[PDB]
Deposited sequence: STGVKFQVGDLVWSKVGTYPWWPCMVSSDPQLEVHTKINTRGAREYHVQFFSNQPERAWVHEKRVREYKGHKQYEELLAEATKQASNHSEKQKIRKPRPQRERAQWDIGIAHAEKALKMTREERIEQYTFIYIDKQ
């Protein structure tokens, strides 16, 4: 286990770019990490965004969030660059603004400030 609840991470999920997240406990399983059905470790994350979402992400697709400028280092992992669709970019910028604020808080503060409320 490399990450704990409240840690800030970048997650690369599906067709989306590296996105700012917070590691959190799954509301149903009550664990923030598990071994999946393929025997790989996954972490449960909340995505920072105007649209609240959560996901279980493979450990190879999770990186420590040190700051927004780390994004260039993540892409690096003629020069070819994918375009940045304006609508997605605006939501990513909003997520980054939250992560930048969360980075200035302690773990306990971030947990209190950002942990989602799940309603059945």
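*asked:* Please give the gaps, as residue ranges numbered from 1 in the deposited sequence, where no C-alpha is present.
replied: No C-alpha for residues 1 to 3, 81 to 91, 135 to 136.
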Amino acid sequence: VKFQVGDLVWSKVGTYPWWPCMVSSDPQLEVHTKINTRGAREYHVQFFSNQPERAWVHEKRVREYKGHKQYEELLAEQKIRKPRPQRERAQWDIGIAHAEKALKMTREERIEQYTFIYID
From here on, numbers count along this sequence of modelled residues.
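Note that the rigid core is defined as the largest set of C-alphas that superpose within 1.5 Å between two forms.
*Core-aligned Cα RMS comparison in 8 other deposited structures of this protein - stretch that moves more, 84 to 92 or 49 to 57*: Output: 84 to 92, the stretch lying farther off on average in 8 other deposited structures of this protein.
_Rigid core superposition, C-alpha RMS per stretch in 8 other deposited structures of this protein: which comes out larger, 61 to 69 or 30 to 38?_
Taking the RMS over all superposed structures in 8 other deposited structures of this protein, 30 to 38 lies farther out.
*Do the CA atoms of 36 to 44 or those of 79 to 87 have the higher mean B-factor in the entry?*
Here the higher of the two C-alpha B-factor means belongs to 79 to 87.
*Taking only the CA atoms, which stretch has the higher mean B-factor in the record, 49 to 57 or 65 to 73?*
According to the entry, 65 to 73 carries the higher average C-alpha B-factor.
*Looking at the C-alpha B-factor of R110, is it in the lowest, middle or highest third of its chain?*
Tercile = middle for this residue's CA B-factor.
_Lowest, middle or highest third: which one holds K104 when the chain's residues are ordered by CA B-factor from the entry?_
Its C-alpha B-factor belongs to the highest third of this chain's values.
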